[PDB]
Amino acid sequence: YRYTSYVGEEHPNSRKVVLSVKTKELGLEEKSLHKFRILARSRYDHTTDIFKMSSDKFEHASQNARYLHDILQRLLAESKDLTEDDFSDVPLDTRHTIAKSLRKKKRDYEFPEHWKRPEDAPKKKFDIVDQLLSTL
Amino acid sequence: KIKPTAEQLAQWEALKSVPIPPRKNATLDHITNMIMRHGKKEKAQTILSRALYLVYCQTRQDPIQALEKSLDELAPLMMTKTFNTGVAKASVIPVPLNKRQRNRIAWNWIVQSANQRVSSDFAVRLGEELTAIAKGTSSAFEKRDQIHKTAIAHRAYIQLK
Amino acid sequence: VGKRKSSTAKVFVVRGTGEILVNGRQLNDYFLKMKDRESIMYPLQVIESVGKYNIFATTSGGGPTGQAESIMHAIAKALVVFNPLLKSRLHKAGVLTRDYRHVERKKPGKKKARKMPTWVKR
Amino acid sequence: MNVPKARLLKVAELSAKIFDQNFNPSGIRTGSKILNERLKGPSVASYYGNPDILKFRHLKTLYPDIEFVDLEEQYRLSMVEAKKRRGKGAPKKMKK
Amino acid sequence: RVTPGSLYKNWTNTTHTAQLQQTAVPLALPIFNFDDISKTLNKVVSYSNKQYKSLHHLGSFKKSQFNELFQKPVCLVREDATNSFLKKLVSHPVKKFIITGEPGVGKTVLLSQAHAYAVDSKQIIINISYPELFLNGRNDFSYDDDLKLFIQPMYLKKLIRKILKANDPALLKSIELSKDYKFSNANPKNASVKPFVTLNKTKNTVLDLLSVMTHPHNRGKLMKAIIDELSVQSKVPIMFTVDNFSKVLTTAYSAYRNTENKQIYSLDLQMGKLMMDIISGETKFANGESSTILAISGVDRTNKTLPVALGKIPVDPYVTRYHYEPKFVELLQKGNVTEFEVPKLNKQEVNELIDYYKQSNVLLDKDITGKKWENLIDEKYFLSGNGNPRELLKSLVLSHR
RNA sequence: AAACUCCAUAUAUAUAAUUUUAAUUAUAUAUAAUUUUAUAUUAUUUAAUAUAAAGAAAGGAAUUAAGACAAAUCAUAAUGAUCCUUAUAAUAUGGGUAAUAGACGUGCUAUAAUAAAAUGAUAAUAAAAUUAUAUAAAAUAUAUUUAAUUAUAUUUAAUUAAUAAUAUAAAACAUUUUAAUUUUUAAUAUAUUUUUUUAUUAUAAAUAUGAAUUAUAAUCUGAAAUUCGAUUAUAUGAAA
Ligand SMILES: Nc1nc2c(ncn2[C@@H]2O[C@H](COP(=O)(O)OP(=O)(O)O)[C@@H](O)[C@H]2O)c(=O)[nH]1
Ligand SMILES: [Mg+2]
Ligand SMILES: [Mg+2]
Ligand SMILES: [Mg+2]
Ligand SMILES: [Mg+2]
Ligand SMILES: [Mg+2]
Ligand SMILES: [Mg+2]
Ligand SMILES: [Mg+2]
Ligand SMILES: [Mg+2]
Ligand SMILES: [Mg+2]
Ligand SMILES: [Mg+2]
Ligand SMILES: [Mg+2]
Ligand SMILES: [Mg+2]
Ligand SMILES: [Mg+2]
Ligand SMILES: [Mg+2]
Ligand SMILES: [Mg+2]
Ligand SMILES: [Mg+2]
Ligand SMILES: [Mg+2]
């Protein structure tokens, strides 16, 4: 739960609280985890296995945090139900994540490993005065 | 302490005799620029090279060289430039031309003569015109001849002589 | 690292047989205009070392022609390390000069940098 | 979209139930955007300033000891007096 | 205001259609044969006369290539690219390929080589170069009642003619028919006399069937019959090929409109459906050595379909019909299509090409005179993007920069 | 005036646990040039040209003096004099500032093939700037049988921000099409130009340019769109 506070000012964003969890770190079975992810929708990113959500609905920060916690608990309860509602056959919708990725830029490319030349690298040049000095 | 290696030195020596290679054929580049309009150089380049390809196909010999020759032929070596002449008769004088100016004059004529050809694509028209000039037929030549004749009249109107 | 206009090109030049990779893909795929490719080659062409050096370019910012120019600039600097005696030659060729040509800003009264709105004497 | 529609709708409804957000499958004008809009009134009201600000009147209230002088007011009074003197004073206001 | 001799077309069209191949040097090059690839493994090779005849009819040699540069269209054999593909074709049990690669790498050329090989080895070739013609709506069509699909009886006729002419008649007339066939007659002669044309089982031939000339509404029926006949026969191999198959994959719905104003699906047509059936394990040819060789074109659109069909990307279910058609993928999976990546040119191959071009006299004076040969080759390799043949060719000839 | 100044540039140092990452960056602090050196060739120890070797070394912005033009502003604001004080001061409802003969500037869009239009999802390539009087993502629905595109509606995920959104930049480049143009089409044959060729038949001054003007239907903002706003659709298709 990340809280924000503007020191001298009275910003209306001081009420904003943001819960954020890795979904694998939550105590869930695999079927329930998938269901939880489905329920999350846009809130769950799939590249980083992270689910976060922020609330600005209430006056105070503490209230907002409490509300977020309650939501999380409700989500968990829903995930652990499994009675006449599995969501085994609804694949993970990753459209929002791909849209976000498109908006940003990528530097996925790397230097080819077979192009490397360790033999052409500069070898350690012999410094005799330094060697003499190093008596420790 | 610099410490240049032997192989590097040998490579440098080998390089030394070779002159630095030119980044552009200058006359061609000039032509492409003249063709070009709205900073759309790539399109002008495509047009020019396509035309040169066509020319080559029609008559199998270096197209760039042929174009240069055509320019040399067509470009009038001097122009009868008009003057006010201290508020009197507008006494014309033959004036020598820079290489670009010479080839610029030639190109405009070439373009005009191409524009009389049939096709929709200008590049095709241009290529046909270039082939005709290589073979040896244009009103551009006649215009050049006329210019030269007009320059010949006014022999000693040149100032420094 | 080379720059031109808004472009920035970090380039890894290595002694292996001369192949190119611009920004994690093939050279002809990245730079469609042959002019840009020719420009990129030019530092390797002033030397007789196109084919000698593998080049892994990584560009960011600006447009294609400017990016290509920044890559070229970077390559010349990279080459300079392999043999310092050629540095003068590269400089003479005009590859070691960082091309300063910077986009002029729109001034207030003018429409563009220099383009003023029409004048009217009467 | 090989995945079925009804299932997706059900999932969306469930998600809506979990969070507070409403579930409108038909896509009818509910009026949600009228109320949900944050009301901007206090900020608008606070435009010109804090009306309770110290004035010259108060600088007599707070510090009676110090005989202050409001210069602009004094000038205005002097101008009024001058106008009265030279027959250019304000005409007496009608009451009716 | 136009003469017969003058060039009125646009550039690409002009280069294709105005014979500037006329003024070109004759070149005594070796001949392309798969049986003697060991001799000419990495050398430029002109095609045989018979191959050329067949290949032109099929539609292998295309407009945007630089086939105008030489007396006739020419390729080189490649150990990594063409030879390997040929070996795979020979060896594999399925014999079912899709030629993938980057734009200009030489997919068509590979197709042309495959066709030439098939011609050499006594095989019939049903080539569909440019499916755009049948897929895009620029020729007549009609909903047949017997066959529940839209026939296209201008394109179909042309395709039949190509089949007839590309292939030699001795190989084609070795095939007796399985069934009898009635067709509507459509000769200038015997119109009133012969209202119908009848082909018998044993007496008649596949050549005769091909030569039949009907009204538009029976043309699709004729085509169907021919395909069936070819499937049945085990005497000769049938090479089916479709180049620019990328267009087919992407253009799922044609430009044709049915009675109600909405677009007709590609599989609701005769030609596209037939093609799909051939691709998949459905219209199975009786003989072995009977292949389908598809080819992508960089010209056409790219999307998730073809990668998903092959072993490339996992199947995202949420991507749209426009960017991913699953039916086509399913069809591709059904008929086990093993893809073939065309590799880019090696340095040696590039050098060999450049040498050939020099011999033919395509190189410019600035390239040849006053320049080291190895250095020139290296520059060419650099400018092509490390051996894209088309790009290299463009740099060589269409540069003038 | 120049210079110091700012932007931009090159280099160095510092900082950033390289998940707020773009280190190919950002920002503080320096150093750097109004560049230097040498050989020659003309004119008189120097100054212009050329050549060479040393360097990343090449711009833009702000600053526009004195006086003058009784130049502009009392409608940013203030003040002198003067005039109005049941009115020349103050509030509401509507109308006007958008009226239209001719005329005058600035622009925008055009008058088609060295130029216009369709398309282009392992989404070709930017920068600068905005988002608590908000920015509005994904996705569903309708226009629209597929879907995409474009436009609305439905509903708000994320972020008050190097973190999310506005926003997959566009020309480019590539295939396709393009009337004027019997410079094409389609029926036959034809064939080693087959997304094509040849033969013989039939294909007879504003368009498949432009987008003014108008008709109807919807949508958006707002309490309200008649005078007098902005979109979308189906028609209308001047002039040039
Ligand atoms: N493999 C090969 N390709 C060649 C040869 N000669 C020319 N080519 C090129 O091969 C290209 C065909 O590539 P293709 O994959 O059909 O391009 P696409 O249509 O964009 O996919 C042509 O543009 C030719 O220039 C050759 O000898 N071998
Ligand atoms: Mg192709
Ligand atoms: Mg990083
Ligand atoms: Mg100053
Ligand atoms: Mg002054
Ligand atoms: Mg004044
Ligand atoms: Mg005045
Ligand atoms: Mg006053
Ligand atoms: Mg006034
Ligand atoms: Mg006032
Ligand atoms: Mg009043
Ligand atoms: Mg006004
Ligand atoms: Mg136009
Ligand atoms: Mg794009
Ligand atoms: Mg959206
Ligand atoms: Mg962002
Ligand atoms: Mg129009
Ligand atoms: Mg008119």
# chains A, B, ... in the order shown; residues from 1 in each chain; ligands from 1
$ interface_residues --of "chain C" --to "chain E" --cutoff "7 Å" --atoms "only C-alpha atoms" --output "CSV table (one decimal) with C-alpha atoms, in the first residue's frame"
chain,number,residue,atom,x,y,z
C,19,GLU,CA,27.6,-7.7,-41.5
C,20,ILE,CA,25.2,-5.0,-40.3
C,26,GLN,CA,18.5,-6.2,-41.0
C,27,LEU,CA,20.0,-3.1,-42.7
C,28,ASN,CA,17.8,-3.2,-45.9
C,37,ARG,CA,22.9,2.9,-46.4
C,38,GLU,CA,25.6,4.4,-48.6
C,50,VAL,CA,33.9,-2.5,-45.5
C,51,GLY,CA,33.7,-6.3,-45.1
$ residues_near_ligand --ligand "ligand 8" --cutoff "12 Å" --atoms "only C-alpha atoms (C1' of nucleotides) and all ligand atoms" --output "VMD selection string"
chain F and resid 74 78 to 83
$ write_last_selection --atoms "C-alpha atoms (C1' of nucleotides)" --output "PDB file, in the first residue's frame"
ATOM      1  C1'   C F  74      -7.676  57.321 -21.242  1.00  0.00           C
ATOM      2  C1'   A F  78      -4.092  54.303 -13.158  1.00  0.00           C
ATOM      3  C1'   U F  79      -4.296  59.962 -12.907  1.00  0.00           C
ATOM      4  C1'   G F  80      -5.063  65.599 -14.502  1.00  0.00           C
ATOM      5  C1'   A F  81      -8.887  68.766 -16.360  1.00  0.00           C
ATOM      6  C1'   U F  82     -13.795  68.516 -17.826  1.00  0.00           C
ATOM      7  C1'   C F  83     -18.895  66.649 -18.161  1.00  0.00           C
TER       8        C F  83
END
$ residues_near_ligand --ligand "ligand 4" --cutoff "12 Å" --atoms "only C-alpha atoms (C1' of nucleotides) and all ligand atoms" --output "PDB file with C-alpha atoms (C1' of nucleotides), in the first residue's frame"
ATOM      1  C1'   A F   1      28.557  48.213 -30.375  1.00  0.00           C
ATOM      2  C1'   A F   2      31.307  43.813 -28.783  1.00  0.00           C
ATOM      3  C1'   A F   3      31.541  40.743 -24.523  1.00  0.00           C
ATOM      4  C1'   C F   4      29.436  38.363 -20.252  1.00  0.00           C
ATOM      5  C1'   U F   5      23.550  35.755 -20.808  1.00  0.00           C
ATOM      6  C1'   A F  62      17.288  37.623 -25.922  1.00  0.00           C
ATOM      7  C1'   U F  63      19.355  42.519 -25.889  1.00  0.00           C
ATOM      8  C1'   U F  64      16.938  47.178 -30.966  1.00  0.00           C
ATOM      9  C1'   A F  65      20.898  53.769 -27.859  1.00  0.00           C
TER      10        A F  65
END
$ residues_near_ligand --ligand "ligand 1" --cutoff "9 Å" --atoms "only C-alpha atoms (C1' of nucleotides) and all ligand atoms" --output "PyMOL selection string"
(chain E and resi 43-45+62+64-67+73-78+81-82+99-111+243-244+295-300+342-345+353+388-394) or (chain F and resi 174)
$ residues_around --residues "stretch 128-131 of chain F" --least-positions-apart "3" --cutoff "10 Å" --atoms "only C-alpha atoms (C1' of nucleotides)" --output "list in words"
residues 134, 135, 136, 159, 160, 161, 165 and 166 of chain F
$ residues_near_ligand --ligand "ligand 14" --cutoff "8 Å" --atoms "only C-alpha atoms (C1' of nucleotides) and all ligand atoms" --output "count of residues only"
4
$ residues_around --residues "stretch 225-241 of chain E" --least-positions-apart "4" --cutoff "7 Å" --atoms "only C-alpha atoms (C1' of nucleotides)" --output "JSON, numbers by chain"
{"E": [123, 124, 125, 126, 127, 128, 175, 177, 178, 221, 283, 284, 285, 286, 287, 288, 289, 290, 291, 292, 293, 294]}
$ residues_around --residues "residue E:332" --least-positions-apart "6" --cutoff "10 Å" --atoms "only C-alpha atoms (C1' of nucleotides)" --output "list in words"
residues 276, 279, 280, 281, 306, 308, 309, 310, 326 and 338 of chain E
$ residues_around --residues "residue C:102" --least-positions-apart "3" --cutoff "9 Å" --atoms "only C-alpha atoms (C1' of nucleotides)" --output "number ranges by chain"
C: 4-6, 99; F: 8, 59-60
$ write_last_selection --atoms "N, CA and C atoms (P, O5', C5', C4', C3', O3' and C1' of nucleotides)" --output "PDB file, in the first residue's frame"
ATOM      1  N   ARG C   4      22.828  13.335 -34.684  1.00  0.00           N
ATOM      2  CA  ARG C   4      22.469  14.336 -35.689  1.00  0.00           C
ATOM      3  C   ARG C   4      20.981  14.665 -35.611  1.00  0.00           C
ATOM      4  N   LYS C   5      20.661  15.951 -35.760  1.00  0.00           N
ATOM      5  CA  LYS C   5      19.313  16.478 -35.522  1.00  0.00           C
ATOM      6  C   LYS C   5      18.804  16.042 -34.128  1.00  0.00           C
ATOM      7  N   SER C   6      17.768  15.198 -34.068  1.00  0.00           N
ATOM      8  CA  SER C   6      17.286  14.615 -32.813  1.00  0.00           C
ATOM      9  C   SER C   6      17.810  13.191 -32.582  1.00  0.00           C
ATOM     10  N   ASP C  99      27.867  16.765 -37.357  1.00  0.00           N
ATOM     11  CA  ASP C  99      27.059  17.693 -38.143  1.00  0.00           C
ATOM     12  C   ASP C  99      26.120  18.457 -37.210  1.00  0.00           C
TER      13      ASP C  99
ATOM     14  P     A F   8      19.090  22.952 -24.485  1.00  0.00           P
ATOM     15  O5'   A F   8      19.934  22.768 -25.824  1.00  0.00           O
ATOM     16  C5'   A F   8      19.270  22.498 -27.072  1.00  0.00           C
ATOM     17  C4'   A F   8      20.219  22.644 -28.240  1.00  0.00           C
ATOM     18  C3'   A F   8      21.532  21.874 -28.160  1.00  0.00           C
ATOM     19  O3'   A F   8      21.393  20.471 -28.362  1.00  0.00           O
ATOM     20  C1'   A F   8      21.975  24.053 -28.915  1.00  0.00           C
ATOM     21  P     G F  59      28.876  29.709 -37.556  1.00  0.00           P
ATOM     22  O5'   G F  59      27.362  29.478 -37.993  1.00  0.00           O
ATOM     23  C5'   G F  59      26.305  30.312 -37.487  1.00  0.00           C
ATOM     24  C4'   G F  59      25.012  29.535 -37.411  1.00  0.00           C
ATOM     25  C3'   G F  59      23.871  30.256 -36.707  1.00  0.00           C
ATOM     26  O3'   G F  59      23.158  31.091 -37.616  1.00  0.00           O
ATOM     27  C1'   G F  59      24.153  28.130 -35.733  1.00  0.00           C
ATOM     28  P     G F  60      22.725  32.577 -37.188  1.00  0.00           P
ATOM     29  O5'   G F  60      21.506  32.321 -36.195  1.00  0.00           O
ATOM     30  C5'   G F  60      20.273  31.757 -36.680  1.00  0.00           C
ATOM     31  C4'   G F  60      19.433  31.243 -35.534  1.00  0.00           C
ATOM     32  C3'   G F  60      18.972  32.277 -34.519  1.00  0.00           C
ATOM     33  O3'   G F  60      17.876  33.068 -34.972  1.00  0.00           O
ATOM     34  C1'   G F  60      19.819  30.403 -33.374  1.00  0.00           C
TER      35        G F  60
END
$ interface_residues --of "chain A" --to "chain D" --cutoff "12 Å" --atoms "only C-alpha atoms" --output "number ranges by chain"
A: 12, 35-43, 53-57, 67-79, 85-93
$ interface_residues --of "chain B" --to "chain F" --cutoff "12 Å" --atoms "only C-alpha atoms (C1' of nucleotides)" --output "ChimeraX atom specification"
/B:32,34-48,51,111-112,114-115,117-126
$ write_last_selection --atoms "N, CA, C and O atoms" --output "CSV table (one decimal), in the first residue's frame"
chain,number,residue,atom,x,y,z
B,32,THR,N,19.2,15.6,-59.7
B,32,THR,CA,18.2,15.0,-58.8
B,32,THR,C,17.6,16.1,-57.9
B,32,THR,O,16.4,16.1,-57.7
B,34,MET,N,17.4,19.4,-58.8
B,34,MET,CA,16.6,20.2,-59.7
B,34,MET,C,15.2,19.5,-60.0
B,34,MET,O,14.2,20.2,-60.0
B,35,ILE,N,15.3,18.2,-60.2
B,35,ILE,CA,14.0,17.4,-60.3
B,35,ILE,C,13.1,17.5,-59.1
B,35,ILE,O,11.9,17.8,-59.2
B,36,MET,N,13.7,17.3,-58.0
B,36,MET,CA,13.0,17.4,-56.7
B,36,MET,C,12.3,18.7,-56.4
B,36,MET,O,12.8,19.7,-56.9
B,37,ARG,N,11.3,18.7,-55.6
B,37,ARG,CA,10.4,19.8,-55.3
B,37,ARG,C,10.3,20.1,-53.8
B,37,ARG,O,10.8,21.1,-53.3
B,38,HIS,N,9.5,19.3,-53.2
B,38,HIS,CA,9.0,19.5,-51.8
B,38,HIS,C,9.8,18.8,-50.7
B,38,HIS,O,9.2,18.2,-49.8
B,39,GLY,N,11.1,18.9,-50.8
B,39,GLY,CA,12.0,18.1,-50.0
B,39,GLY,C,11.9,16.6,-50.2
B,39,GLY,O,12.2,15.8,-49.3
B,40,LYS,N,11.3,16.2,-51.3
B,40,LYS,CA,11.0,14.8,-51.6
B,40,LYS,C,12.1,14.3,-52.5
B,40,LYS,O,11.8,14.1,-53.7
B,41,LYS,N,13.3,14.2,-52.0
B,41,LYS,CA,14.5,13.9,-52.8
B,41,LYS,C,14.4,12.5,-53.3
B,41,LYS,O,14.9,12.2,-54.4
B,42,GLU,N,13.9,11.6,-52.4
B,42,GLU,CA,13.9,10.1,-52.7
B,42,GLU,C,13.1,9.9,-54.0
B,42,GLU,O,13.6,9.1,-54.8
B,43,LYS,N,12.0,10.5,-54.1
B,43,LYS,CA,11.1,10.4,-55.3
B,43,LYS,C,11.9,10.8,-56.6
B,43,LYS,O,11.8,10.2,-57.6
B,44,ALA,N,12.5,12.0,-56.5
B,44,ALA,CA,13.3,12.5,-57.5
B,44,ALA,C,14.5,11.6,-58.0
B,44,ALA,O,14.7,11.4,-59.2
B,45,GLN,N,15.1,11.0,-57.0
B,45,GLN,CA,16.2,10.0,-57.2
B,45,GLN,C,15.7,8.7,-57.9
B,45,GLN,O,16.3,8.3,-58.8
B,46,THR,N,14.5,8.2,-57.4
B,46,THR,CA,13.9,7.1,-58.1
B,46,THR,C,13.6,7.3,-59.5
B,46,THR,O,13.9,6.5,-60.4
B,47,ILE,N,13.0,8.5,-59.8
B,47,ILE,CA,12.6,9.0,-61.1
B,47,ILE,C,13.9,9.0,-62.0
B,47,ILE,O,13.8,8.5,-63.2
B,48,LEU,N,14.9,9.6,-61.5
B,48,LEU,CA,16.2,9.8,-62.3
B,48,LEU,C,16.8,8.4,-62.6
B,48,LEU,O,17.2,8.2,-63.8
B,51,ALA,N,14.8,6.3,-65.1
B,51,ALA,CA,15.1,6.9,-66.4
B,51,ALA,C,16.4,6.4,-67.0
B,51,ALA,O,16.5,5.9,-68.1
B,111,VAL,N,14.0,18.3,-70.0
B,111,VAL,CA,12.7,18.2,-69.3
B,111,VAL,C,11.6,18.6,-70.2
B,111,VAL,O,10.6,17.8,-70.3
B,112,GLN,N,11.7,19.7,-70.9
B,112,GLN,CA,10.7,20.2,-71.8
B,112,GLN,C,10.4,19.3,-73.0
B,112,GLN,O,9.3,19.0,-73.3
B,114,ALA,N,11.1,16.0,-73.0
B,114,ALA,CA,10.5,14.8,-72.4
B,114,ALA,C,9.0,15.0,-72.2
B,114,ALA,O,8.3,14.1,-72.5
B,115,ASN,N,8.6,16.2,-71.7
B,115,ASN,CA,7.2,16.5,-71.5
B,115,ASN,C,6.3,16.4,-72.8
B,115,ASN,O,5.1,16.2,-72.6
B,117,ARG,N,6.7,13.8,-74.8
B,117,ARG,CA,6.5,12.4,-75.0
B,117,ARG,C,5.2,11.9,-74.4
B,117,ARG,O,4.6,12.7,-73.6
B,118,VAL,N,4.8,10.7,-74.6
B,118,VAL,CA,3.4,10.2,-74.5
B,118,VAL,C,3.0,9.8,-73.1
B,118,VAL,O,1.9,10.1,-72.6
B,119,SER,N,3.9,9.0,-72.4
B,119,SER,CA,3.5,8.3,-71.2
B,119,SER,C,2.9,9.1,-70.0
B,119,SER,O,3.1,10.3,-70.0
B,120,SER,N,2.3,8.4,-69.1
B,120,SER,CA,1.8,9.0,-67.9
B,120,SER,C,2.9,9.3,-66.9
B,120,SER,O,3.1,10.4,-66.4
B,121,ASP,N,3.8,8.3,-66.7
B,121,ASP,CA,5.0,8.4,-65.9
B,121,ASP,C,6.0,9.3,-66.5
B,121,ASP,O,6.5,9.1,-67.6
B,122,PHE,N,6.4,10.3,-65.8
B,122,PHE,CA,7.5,11.3,-66.2
B,122,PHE,C,8.8,10.6,-66.4
B,122,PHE,O,9.6,11.0,-67.3
B,123,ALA,N,9.1,9.7,-65.5
B,123,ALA,CA,10.4,9.0,-65.5
B,123,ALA,C,10.7,8.3,-66.8
B,123,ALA,O,11.8,8.3,-67.4
B,124,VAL,N,9.6,7.7,-67.4
B,124,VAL,CA,9.6,7.0,-68.7
B,124,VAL,C,9.9,8.0,-69.8
B,124,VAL,O,10.9,7.8,-70.5
B,125,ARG,N,9.1,9.1,-69.8
B,125,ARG,CA,9.3,10.2,-70.7
B,125,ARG,C,10.7,10.7,-70.7
B,125,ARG,O,11.3,11.0,-71.8
B,126,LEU,N,11.3,10.9,-69.5
B,126,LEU,CA,12.6,11.4,-69.3
B,126,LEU,C,13.6,10.5,-70.0
B,126,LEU,O,14.5,10.9,-70.7
$ closest_atom_pairs --of "chain F" --to "chain A" --cutoff "9 Å" --atoms "only C-alpha atoms (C1' of nucleotides)" --output "JSON lines"
{"residue": "F:123", "atom": "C1'", "partner": "A:102", "partner_atom": "CA", "distance": 7.8}
{"residue": "F:132", "atom": "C1'", "partner": "A:12", "partner_atom": "CA", "distance": 6.3}
{"residue": "F:137", "atom": "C1'", "partner": "A:96", "partner_atom": "CA", "distance": 7.3}
{"residue": "F:138", "atom": "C1'", "partner": "A:96", "partner_atom": "CA", "distance": 4.9}
{"residue": "F:139", "atom": "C1'", "partner": "A:95", "partner_atom": "CA", "distance": 8.7}
{"residue": "F:157", "atom": "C1'", "partner": "A:42", "partner_atom": "CA", "distance": 5.3}
{"residue": "F:158", "atom": "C1'", "partner": "A:43", "partner_atom": "CA", "distance": 8.2}
{"residue": "F:160", "atom": "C1'", "partner": "A:13", "partner_atom": "CA", "distance": 6.9}
{"residue": "F:164", "atom": "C1'", "partner": "A:100", "partner_atom": "CA", "distance": 8.9}
{"residue": "F:167", "atom": "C1'", "partner": "A:103", "partner_atom": "CA", "distance": 7.2}
{"residue": "F:168", "atom": "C1'", "partner": "A:102", "partner_atom": "CA", "distance": 6.0}
$ atom_distance --atom1 "atom CA of residue E:355" --atom2 "atom CA of residue E:34"
23.4 Å
$ closest_residue --among "A:81, A:10, A:119, A:59" --to "chain C" --atoms "only C-alpha atoms"
A:119
$ closest_residue --among "C:104, C:29, C:36, C:48" --to "chain B" --atoms "only C-alpha atoms"
C:48
$ closest_residue --among "F:232, F:75, F:140, F:226" --to "ligand 15" --atoms "only C-alpha atoms (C1' of nucleotides) and all ligand atoms"
F:140
$ residues_near_ligand --ligand "ligand 18" --cutoff "12 Å" --atoms "only C-alpha atoms (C1' of nucleotides) and all ligand atoms" --output "list in words"
residues 111, 205, 206, 210, 237, 238, 239 and 240 of chain F
$ residues_near_ligand --ligand "ligand 6" --cutoff "10 Å" --atoms "only C-alpha atoms (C1' of nucleotides) and all ligand atoms" --output "PDB file with N, CA, C and O atoms (P, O5', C5', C4', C3', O3' and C1' of nucleotides), in the first residue's frame"
ATOM      1  P     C F  69       8.488  65.139 -33.471  1.00  0.00           P
ATOM      2  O5'   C F  69       7.411  64.297 -34.287  1.00  0.00           O
ATOM      3  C5'   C F  69       7.410  64.297 -35.728  1.00  0.00           C
ATOM      4  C4'   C F  69       6.896  62.980 -36.261  1.00  0.00           C
ATOM      5  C3'   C F  69       5.562  62.495 -35.714  1.00  0.00           C
ATOM      6  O3'   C F  69       4.452  63.068 -36.408  1.00  0.00           O
ATOM      7  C1'   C F  69       7.126  60.703 -35.761  1.00  0.00           C
ATOM      8  P     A F  70       3.861  64.512 -36.001  1.00  0.00           P
ATOM      9  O5'   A F  70       4.527  64.808 -34.583  1.00  0.00           O
ATOM     10  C5'   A F  70       3.953  65.738 -33.642  1.00  0.00           C
ATOM     11  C4'   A F  70       3.638  65.028 -32.346  1.00  0.00           C
ATOM     12  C3'   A F  70       2.351  64.202 -32.352  1.00  0.00           C
ATOM     13  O3'   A F  70       2.504  62.962 -31.669  1.00  0.00           O
ATOM     14  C1'   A F  70       2.233  65.832 -30.651  1.00  0.00           C
ATOM     15  P     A F  71       1.659  61.684 -32.135  1.00  0.00           P
ATOM     16  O5'   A F  71       2.512  61.122 -33.361  1.00  0.00           O
ATOM     17  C5'   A F  71       1.948  60.890 -34.671  1.00  0.00           C
ATOM     18  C4'   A F  71       1.884  59.409 -34.980  1.00  0.00           C
ATOM     19  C3'   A F  71       1.025  58.565 -34.045  1.00  0.00           C
ATOM     20  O3'   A F  71      -0.344  58.644 -34.430  1.00  0.00           O
ATOM     21  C1'   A F  71       3.135  57.539 -34.291  1.00  0.00           C
ATOM     22  P     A F  72      -1.500  58.722 -33.321  1.00  0.00           P
ATOM     23  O5'   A F  72      -1.478  57.263 -32.685  1.00  0.00           O
ATOM     24  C5'   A F  72      -1.768  56.113 -33.497  1.00  0.00           C
ATOM     25  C4'   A F  72      -1.774  54.851 -32.667  1.00  0.00           C
ATOM     26  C3'   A F  72      -2.430  54.929 -31.294  1.00  0.00           C
ATOM     27  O3'   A F  72      -3.854  54.923 -31.368  1.00  0.00           O
ATOM     28  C1'   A F  72      -0.380  53.788 -31.106  1.00  0.00           C
ATOM     29  P     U F  73      -4.720  55.913 -30.444  1.00  0.00           P
ATOM     30  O5'   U F  73      -4.724  55.175 -29.033  1.00  0.00           O
ATOM     31  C5'   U F  73      -5.460  53.954 -28.861  1.00  0.00           C
ATOM     32  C4'   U F  73      -5.002  53.208 -27.629  1.00  0.00           C
ATOM     33  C3'   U F  73      -5.288  53.882 -26.299  1.00  0.00           C
ATOM     34  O3'   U F  73      -6.644  53.653 -25.925  1.00  0.00           O
ATOM     35  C1'   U F  73      -3.067  53.056 -26.309  1.00  0.00           C
TER      36        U F  73
END
$ residues_near_ligand --ligand "ligand 12" --cutoff "12 Å" --atoms "only C-alpha atoms (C1' of nucleotides) and all ligand atoms" --output "VMD selection string"
chain F and resid 97 to 99
$ interface_residues --of "chain F" --to "chain C" --cutoff "6 Å" --atoms "only C-alpha atoms (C1' of nucleotides)" --output "JSON, numbers by chain"
{"F": [24, 56, 58, 125, 126]}
